[PDB]
Amino acid sequence: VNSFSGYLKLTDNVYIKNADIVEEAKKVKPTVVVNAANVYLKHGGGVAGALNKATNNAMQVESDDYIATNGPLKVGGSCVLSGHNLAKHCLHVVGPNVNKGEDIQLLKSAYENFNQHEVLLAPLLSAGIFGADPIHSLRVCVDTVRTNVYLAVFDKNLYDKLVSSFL
Ligand SMILES: Cc1ccc(C[C@H](CO)Nc2ncnc3[nH]ccc23)cc1C
Ligand SMILES: [Cl-]
């Protein structure tokens, strides 16, 4: 039993809700919140911009030190950093950005990172400003993630389409 509330159950392990991941994380304080990261961990907009703003830029400061030491992530890759005031940990995951021409097949590799964590709060990878079809992203999530994932969808209209169209 966990403290996530108001989710619709899609499969044994995947759940979904129309919610603001920033507000969800502050309420639940999950063990792991997933960020929709880029390889440079530059959290300028989208989910990453919102999560970083909620940390008062501490996420960006930590991320800049990470990159200075380790260099950029891979598309499809991830790193574990602090969750600051939002969660114990933040799993920064790089889904392909279609608006950069990045291969959408890497979306499965991106979701595989979730399997290293028993329970996660997450957005749909490569959705929003990353340009992928959220219906495809949800399908890949369900077919790739085996651990317990609580998916937060900010937009109410989009959530209804994902649910009504879920096979
Ligand atoms: C119009 C529109 C907006 C957003 C999305 C999803 C992306 C992630 O898939 N953004 C987010 N998802 C969850 N919480 C969030 N908080 C801040 C940003 C954000 C899709 C579409 C079509
Ligand atoms: Cl977004």
# chains A, B, ... in the order shown; residues from 1 in each chain; ligands from 1

call {"tool": "closest_atom_pairs", "arguments": {"of": "chain A", "to": "ligand 2", "cutoff": "10 Å", "atoms": "only C-alpha atoms and all ligand atoms", "output": "Markdown table"}}
result
| residue | atom | partner | partner_atom_place_in_ligand_line | distance |
| --- | --- | --- | --- | --- |
| A:36 | CA | ligand 2 | 1 (Cl) | 8.1 |
| A:45 | CA | ligand 2 | 1 (Cl) | 7.2 |
| A:46 | CA | ligand 2 | 1 (Cl) | 3.7 |
| A:47 | CA | ligand 2 | 1 (Cl) | 5.1 |
| A:48 | CA | ligand 2 | 1 (Cl) | 8.0 |
| A:49 | CA | ligand 2 | 1 (Cl) | 8.8 |
| A:50 | CA | ligand 2 | 1 (Cl) | 9.1 |
| A:123 | CA | ligand 2 | 1 (Cl) | 8.9 |
| A:124 | CA | ligand 2 | 1 (Cl) | 9.1 |
| A:125 | CA | ligand 2 | 1 (Cl) | 9.3 |
| A:126 | CA | ligand 2 | 1 (Cl) | 8.3 |
| A:127 | CA | ligand 2 | 1 (Cl) | 6.2 |
| A:128 | CA | ligand 2 | 1 (Cl) | 3.4 |
| A:129 | CA | ligand 2 | 1 (Cl) | 4.7 |
| A:130 | CA | ligand 2 | 1 (Cl) | 6.9 |
| A:131 | CA | ligand 2 | 1 (Cl) | 8.7 |
| A:153 | CA | ligand 2 | 1 (Cl) | 9.7 |
| A:154 | CA | ligand 2 | 1 (Cl) | 8.7 |
| A:155 | CA | ligand 2 | 1 (Cl) | 9.7 |

call {"tool": "select_by_dssp", "arguments": {"residues": "chain A", "states": "alpha helix (DSSP H)", "output": "count of residues only"}}
result
57

call {"tool": "residues_around", "arguments": {"residues": "residue 157 in chain A", "least_positions_apart": "3", "cutoff": "9 Å", "atoms": "only C-alpha atoms", "output": "count of residues only"}}
result
3

call {"tool": "closest_residue", "arguments": {"among": "A:51, A:70, A:103, A:120", "to": "residue 150 in chain A", "atoms": "only C-alpha atoms"}}
result
A:120

call {"tool": "residues_around", "arguments": {"residues": "residue 148 in chain A", "least_positions_apart": "5", "cutoff": "9 Å", "atoms": "only C-alpha atoms", "output": "list in words"}}
result
residues 12, 13, 14, 15, 114, 115, 117, 118, 119, 120 and 121 of chain A

call {"tool": "write_last_selection", "arguments": {"atoms": "N, CA and C atoms", "output": "JSON list (two decimals), in the first residue's frame"}}
result
[["chain", "number", "residue", "atom", "x", "y", "z"],
["A", 12, "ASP", "N", -1.50, -4.19, -14.28],
["A", 12, "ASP", "CA", -1.07, -4.61, -12.95],
["A", 12, "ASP", "C", -0.23, -3.54, -12.26],
["A", 13, "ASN", "N", 0.63, -2.84, -13.00],
["A", 13, "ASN", "CA", 1.65, -1.98, -12.42],
["A", 13, "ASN", "C", 1.60, -0.53, -12.88],
["A", 14, "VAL", "N", 0.81, -0.20, -13.91],
["A", 14, "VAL", "CA", 0.75, 1.15, -14.47],
["A", 14, "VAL", "C", -0.57, 1.81, -14.10],
["A", 15, "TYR", "N", -0.47, 3.03, -13.57],
["A", 15, "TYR", "CA", -1.59, 3.85, -13.13],
["A", 15, "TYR", "C", -1.44, 5.24, -13.77],
["A", 114, "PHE", "N", 13.22, 3.01, -15.72],
["A", 114, "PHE", "CA", 12.26, 2.97, -14.62],
["A", 114, "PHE", "C", 12.34, 1.63, -13.88],
["A", 115, "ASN", "N", 12.77, 0.56, -14.56],
["A", 115, "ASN", "CA", 12.76, -0.76, -13.94],
["A", 115, "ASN", "C", 13.79, -0.91, -12.83],
["A", 117, "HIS", "N", 13.80, 0.96, -10.26],
["A", 117, "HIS", "CA", 13.15, 1.57, -9.11],
["A", 117, "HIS", "C", 11.79, 0.92, -8.89],
["A", 118, "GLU", "N", 11.52, 0.53, -7.65],
["A", 118, "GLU", "CA", 10.31, -0.26, -7.38],
["A", 118, "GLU", "C", 9.03, 0.54, -7.60],
["A", 119, "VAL", "N", 9.05, 1.84, -7.30],
["A", 119, "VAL", "CA", 7.89, 2.72, -7.42],
["A", 119, "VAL", "C", 8.36, 4.09, -7.87],
["A", 120, "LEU", "N", 7.65, 4.69, -8.83],
["A", 120, "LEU", "CA", 8.02, 6.00, -9.36],
["A", 120, "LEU", "C", 6.78, 6.82, -9.66],
["A", 121, "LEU", "N", 6.90, 8.13, -9.47],
["A", 121, "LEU", "CA", 5.99, 9.14, -10.02],
["A", 121, "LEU", "C", 6.65, 9.69, -11.27]]

call {"tool": "closest_residue", "arguments": {"among": "A:54, A:59, A:28, A:163", "to": "residue 42 in chain A", "atoms": "only C-alpha atoms"}}
result
A:59

call {"tool": "select_by_dssp", "arguments": {"residues": "range 99-163 of chain A", "states": "strand (DSSP E or B)", "output": "PyMOL selection string"}}
result
chain A and resi 119-122+148-153

call {"tool": "closest_residue", "arguments": {"among": "A:134, A:6, A:77, A:83", "to": "residue 40 in chain A", "atoms": "only C-alpha atoms"}}
result
A:77

call {"tool": "residues_around", "arguments": {"residues": "residue 152 in chain A", "least_positions_apart": "5", "cutoff": "7 Å", "atoms": "only C-alpha atoms", "output": "ChimeraX atom specification"}}
result
/A:16-21,122-123

call {"tool": "write_last_selection", "arguments": {"atoms": "C-alpha atoms", "output": "PDB file, in the first residue's frame"}}
result
ATOM      1  CA  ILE A  16      -2.554   7.242 -14.614  1.00  0.00           C
ATOM      2  CA  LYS A  17      -4.017  10.567 -13.424  1.00  0.00           C
ATOM      3  CA  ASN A  18      -4.712  14.093 -14.692  1.00  0.00           C
ATOM      4  CA  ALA A  19      -2.425  16.007 -12.316  1.00  0.00           C
ATOM      5  CA  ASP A  20       0.428  18.522 -12.003  1.00  0.00           C
ATOM      6  CA  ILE A  21       3.548  16.476 -11.249  1.00  0.00           C
ATOM      7  CA  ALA A 122       6.567  10.086 -13.644  1.00  0.00           C
ATOM      8  CA  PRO A 123       5.371  12.001 -16.701  1.00  0.00           C
TER       9      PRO A 123
END

call {"tool": "closest_residue", "arguments": {"among": "A:86, A:68, A:105, A:110", "to": "residue 37 in chain A", "atoms": "only C-alpha atoms"}}
result
A:110

call {"tool": "closest_residue", "arguments": {"among": "A:164, A:99, A:116, A:82", "to": "residue 63 in chain A", "atoms": "only C-alpha atoms"}}
result
A:82

call {"tool": "closest_residue", "arguments": {"among": "A:26, A:61, A:53, A:35", "to": "residue 79 in chain A", "atoms": "only C-alpha atoms"}}
result
A:35

call {"tool": "atom_distance", "arguments": {"atom1": "CA of residue 38 in chain A", "atom2": "CA of residue 75 in chain A"}}
result
7.7 Å

call {"tool": "residues_around", "arguments": {"residues": "residue 142 in chain A", "least_positions_apart": "3", "cutoff": "8 Å", "atoms": "only C-alpha atoms", "output": "list in words"}}
result
residues 11, 14, 138, 139, 145 and 146 of chain A

call {"tool": "write_last_selection", "arguments": {"atoms": "N, CA, C and O atoms", "output": "mmCIF file, in the first residue's frame"}}
result
data_model
loop_
_atom_site.group_PDB
_atom_site.id
_atom_site.type_symbol
_atom_site.label_atom_id
_atom_site.label_comp_id
_atom_site.auth_asym_id
_atom_site.auth_seq_id
_atom_site.Cartn_x
_atom_site.Cartn_y
_atom_site.Cartn_z
ATOM 1 N N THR A 11 -2.994 -1.289 -15.882
ATOM 2 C CA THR A 11 -2.502 -2.663 -15.879
ATOM 3 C C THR A 11 -2.128 -3.024 -14.445
ATOM 4 O O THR A 11 -2.370 -2.261 -13.504
ATOM 5 N N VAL A 14 0.814 -0.197 -13.907
ATOM 6 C CA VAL A 14 0.753 1.152 -14.471
ATOM 7 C C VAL A 14 -0.572 1.811 -14.100
ATOM 8 O O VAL A 14 -1.654 1.258 -14.345
ATOM 9 N N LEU A 138 2.497 6.238 -23.865
ATOM 10 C CA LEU A 138 1.823 5.421 -22.861
ATOM 11 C C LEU A 138 1.918 3.937 -23.204
ATOM 12 O O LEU A 138 2.132 3.096 -22.321
ATOM 13 N N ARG A 139 1.754 3.597 -24.485
ATOM 14 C CA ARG A 139 1.862 2.208 -24.915
ATOM 15 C C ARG A 139 3.249 1.649 -24.608
ATOM 16 O O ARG A 139 3.386 0.548 -24.061
ATOM 17 N N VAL A 145 7.801 -0.900 -18.766
ATOM 18 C CA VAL A 145 7.989 -0.759 -17.330
ATOM 19 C C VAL A 145 7.275 -1.904 -16.625
ATOM 20 O O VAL A 145 6.095 -2.176 -16.889
ATOM 21 N N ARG A 146 8.004 -2.579 -15.732
ATOM 22 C CA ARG A 146 7.477 -3.668 -14.926
ATOM 23 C C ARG A 146 7.323 -3.299 -13.462
ATOM 24 O O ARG A 146 6.604 -3.990 -12.731
#

call {"tool": "residues_around", "arguments": {"residues": "residue 58 in chain A", "least_positions_apart": "4", "cutoff": "8 Å", "atoms": "only C-alpha atoms", "output": "VMD selection string"}}
result
chain A and resid 52 62 84

call {"tool": "atom_distance", "arguments": {"atom1": "CA of residue 65 in chain A", "atom2": "CA of residue 93 in chain A"}}
result
17.2 Å
